[PDB]
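In C-alpha cells, the next block holds one chain alone, the form deposited in one PDB entry.
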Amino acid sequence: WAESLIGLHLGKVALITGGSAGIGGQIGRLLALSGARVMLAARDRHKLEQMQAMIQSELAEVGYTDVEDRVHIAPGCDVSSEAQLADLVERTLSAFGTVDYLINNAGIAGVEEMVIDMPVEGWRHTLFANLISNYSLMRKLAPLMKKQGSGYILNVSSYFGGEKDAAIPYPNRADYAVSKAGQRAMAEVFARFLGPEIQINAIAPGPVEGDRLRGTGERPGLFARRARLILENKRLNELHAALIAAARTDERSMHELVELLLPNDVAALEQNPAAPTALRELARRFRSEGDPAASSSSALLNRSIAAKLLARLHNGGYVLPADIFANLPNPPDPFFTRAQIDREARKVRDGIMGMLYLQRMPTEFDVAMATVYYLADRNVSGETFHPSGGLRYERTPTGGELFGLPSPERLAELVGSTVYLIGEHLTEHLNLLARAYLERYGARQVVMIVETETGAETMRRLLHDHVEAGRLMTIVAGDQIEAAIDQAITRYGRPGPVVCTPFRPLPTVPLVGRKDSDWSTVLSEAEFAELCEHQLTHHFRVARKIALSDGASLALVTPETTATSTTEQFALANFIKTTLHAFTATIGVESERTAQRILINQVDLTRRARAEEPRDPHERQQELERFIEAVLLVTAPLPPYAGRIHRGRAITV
C-alpha cells in the first residue's frame, strides 16, 4: 500500500507539530514513507519515542537505510509556549537544515465551555496553542524557505473553522472555532505575500475517527466529554435561568434566592412553600426527568457547577459572598450515571453520522493519506482543502454589502435608551455614532468607554456639548474592560445598544521579508499575539460581559481599511474579519441557550480589495453614513425567525 508513496516527498524536510499520535502522527508516518525526513513535535517524550520506533521500523521494512536519520523527535514541546517554539526550530534546523514543509497540526480542544463560562486566560491559551503558534513557526521558517526558493506552510484547520464567505457556529467551542478560523484566514491572506516561493494552505477535515473523538479506556474522548458537558451545562443553564427568572418577580436578593439552594436537596426545594415558583418547578423537573441512580436527581448541584453558577452571577452584577457555596453538601458519585452519559454520547455520534453526506467518518490514516497526496500539488496556494466532509450543518454567509436603514418602529425603541460605545482609535466613527444616537434617535445618554486618558480627552473635546449637558459620560478602561463595564452599569445603568470598536489600529509593518533580508522588520511573533489581543480578545472580553446584561444589543466592529491603508493592513483586516465571524456566529447560537435576551452581530469596516474602497470626499461621506445605518440595523431593539436573522451575522460597510 506504501508503494504509491515512495519518492512522493523524497528529499523534503517536514516539521509536524502534534506528531506523536492522531492525524499528526499519521502525517509524519506517511511523509516518512514518502521519502521525507521528519521532525515530530509534542509534549510527552514516551509517546514521541513509541511513534518514532514505529515509523523507523516501518521504514526499515519497505527498504530504507539509516532510518534513525529519517525520524527525529522534539519532546517537551508545548506549542502554546513561544520559548518551546524557538527551541523546536533550532533543534530541527541543526538536525536537518532548512525545513520544506511546516505542518501546523497541533490543535488543543480548548476550554470547552460557553463564552460566558470561558475564563479569559483559557481563551488566550487556546489562541496561543492553536493560532499564534502557526504564525510563530511560519515566521521562523519562511525566511529560509524564501532563500532556498521553495517552501510549504500547511495549517491543520477544521470544518468548524468555517469557510471563505460563511461562518459555522461551534457552541461551547468559541476559542477553538476562532483558532481554526484564524488558521484558514492566515492561509487566505498570507498567500499573495508568500508566493511565488512559498505555498500556504489549510486542511479542514470534518469529524475523524480516532482517540480524540472516541477516547481511550483510561481517558474520555471529545464525544464522552461533550456528553458529560451537555448534562453539566444543562444543569448550570437551567439553575441560572430559574434564578434570573425568580429574581424578576421576587423582592428577595440574588443572595437570598441562592441561599434556598444551600440544603442541596431537590425534594426539599420542590415542596418548600417559601421558595419561588420558578425554583420549585425546576426541582420537580430535576426529579421528573432525572435518573434515580444519579445524585443529580436528588441534589441540585455539585461544587464544580456551584462555582460556575457563582461566577455567572458575579459577572452579571449580582452581589454574593465568595464563600456562599463553602458548606454545600457534596452529592455522592455518580452525579450523572454512566447510562445517562452513554445515551448522551450516543446521541452526539448519531447526530454527527446523520449530518455526514457519506454517513461515515474517515480514519486518521485516511485524512493523512489525502493530506500527503495534497502536499505533492505545487500549484495551489491560499486554499482550504477539505480531505473529508460534506456536512448538513448550518452556515452563516458573511459579507452582505447591500443593506439599509432599520424600521421606524425599531428606531423609536432607541428613545430614552442608554448607549455604550467602546473604542479609542476610531474618533470620527465614535463622534458620529454618539451624535446620531443622541441628536437623531433621542437616546437618554451615551457612555464612552475608551482605553486611555488621552482618548477620553479627545472624545470629551469632540463631544464637548453633550459632555456639558450630562449626555456623554467617559470611562477609561485600560486593560480592565470588565471592571469598566461594571462601573458604567453601577453609575449609569444597563445598556441597550453596545458598540464595541477596537481600541487600537492595525500595525503598519511588512508581512514578509526580502529574499536576502534578515526579516528583522517583519511582523514579529509577539506583535502577531498583540494583533490577536487587540483585535480578537478585546471583542471576546466585551461579549463575555455584555452577554449577561439583559436587554443589550451588541455590535462587534472590525478594523477600518481605506484607499490610503497599506496592502499589509488589508491582509490583517481581512484576517480579523474572517476570524471574528467564527466568534460572532458561535456566541449568537450560545445566546439563544441563555436566560438573557441579547443580540450579537458583527459590523465590518474592512474590505477585501483596494478597488472597492472610496476615492473622494463624497464617496467617504456615503461610507460613514453606511456605518451608522449598519450599527442601527443591529442595535435598534426588536419590539415584542426574526431573531435568527438578527444574530451572529456580519455586514460589510
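Numbering starts at 1 and follows the sequence shown.
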query: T216 coordinate gap across at least a third of other entries; finding: yes
query: Chain break class for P640 to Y641, judged by how many deposited residues have no coordinates; finding: 4 to 9
query: Which of 46-54 and 610-618 has higher mean CA B factor, as the PDB entry lists it; finding: 610-618
query: Segment of higher mean CA temperature factor, 179-187 or 69-77; finding: 69-77
query: Top residue by Cα temperature factor, when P276, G206, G161, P495 are compared in the entry; finding: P276
query: Given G217, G110, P171, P505, the residue at which the Cα B factor reaches its maximum; finding: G217
query: CA B-factor placement of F583, once the chain's modelled residues are sorted into thirds; finding: lowest
query: For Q596, the third of its chain into which the C-alpha B factor falls; finding: highest
query: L624, C-alpha B-factor rank within chain (lowest, middle or highest third); finding: highest
query: Where the record places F575 (Cα B-factor, split into thirds across the chain); finding: lowest
query: Where the record places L632 (Cα B-factor, split into thirds across the chain); finding: middle
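Omitted from view is the form deposited in another entry, to which the following refers.
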{"query": "Rigid part versus rigid part between this form and the one not shown; hinge residue out of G221, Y101, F286, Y159", "finding": "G221"}
{"query": "Outcome for the Cα pair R214, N155 in the other form, compared with this form (closer or farther; change of 3 Å or more)", "finding": "closer"}
{"query": "Sense of CA distance change between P220 and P207 in the other form, threshold 3 Å", "finding": "closer"}
